[PDB]
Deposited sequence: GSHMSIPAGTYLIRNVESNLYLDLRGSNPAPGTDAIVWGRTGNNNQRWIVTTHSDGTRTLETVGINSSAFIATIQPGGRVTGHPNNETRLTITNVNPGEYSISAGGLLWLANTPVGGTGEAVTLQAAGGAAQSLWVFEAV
């Protein structure tokens, strides 16, 4: 029904690519992309539970949290050392979840020509598997 507290690798179902903080960069504005599996810290996301049912995601060691500065269609998911966006992670199929912020679903954008693309908010076309680290 819900994702329990723990640390996970987060794999997009449609592309088999993993949620990835670009270059493990801890600076604000660093895009959260989907990338080939590495299992490194910038692909390990700590899931923090909140009493209202929402979730927050933070990278191990880097300590940059999933953050969206402007919650509107097309807004980009980034990593931020101090700011975080409260997310709604809802089950769609057994073992497959959607992630949304402010009612807008996360859309996985596969890399193009070797350059990763930030996850964006759509106006569920992207599902995610939460694999325990």
Exercise. Deposited sequence versus model: which ranges have no CA atoms?
Worked result: 1-3, 127-130
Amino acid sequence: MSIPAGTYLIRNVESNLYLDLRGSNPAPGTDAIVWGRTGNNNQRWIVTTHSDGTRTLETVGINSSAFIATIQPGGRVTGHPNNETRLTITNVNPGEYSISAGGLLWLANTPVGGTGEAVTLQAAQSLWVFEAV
From here on, numbers count along this sequence of modelled residues.
Seminar exercise, completed: Of the three thirds of Cα B-factor ranks in this chain, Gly95 occupies the lowest
Seminar exercise, completed: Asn25: CA temperature factor from the record, placed by chain third, in the middle
For this session: Please rank the C-alpha B-factors of the chain's modelled residues and tell me whether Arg37 sits in the lowest, middle or highest third.
Result: lowest
For this session: Among all modelled residues of this chain, ranked by Cα B factor, put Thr54 in the bottom, middle or top third, i.e. lowest, middle or highest.
Result: highest
For this session: Taking the values exactly as deposited, rank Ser15 by C-alpha B-factor within its chain and report the matching third: lowest, middle or highest.
Result: highest
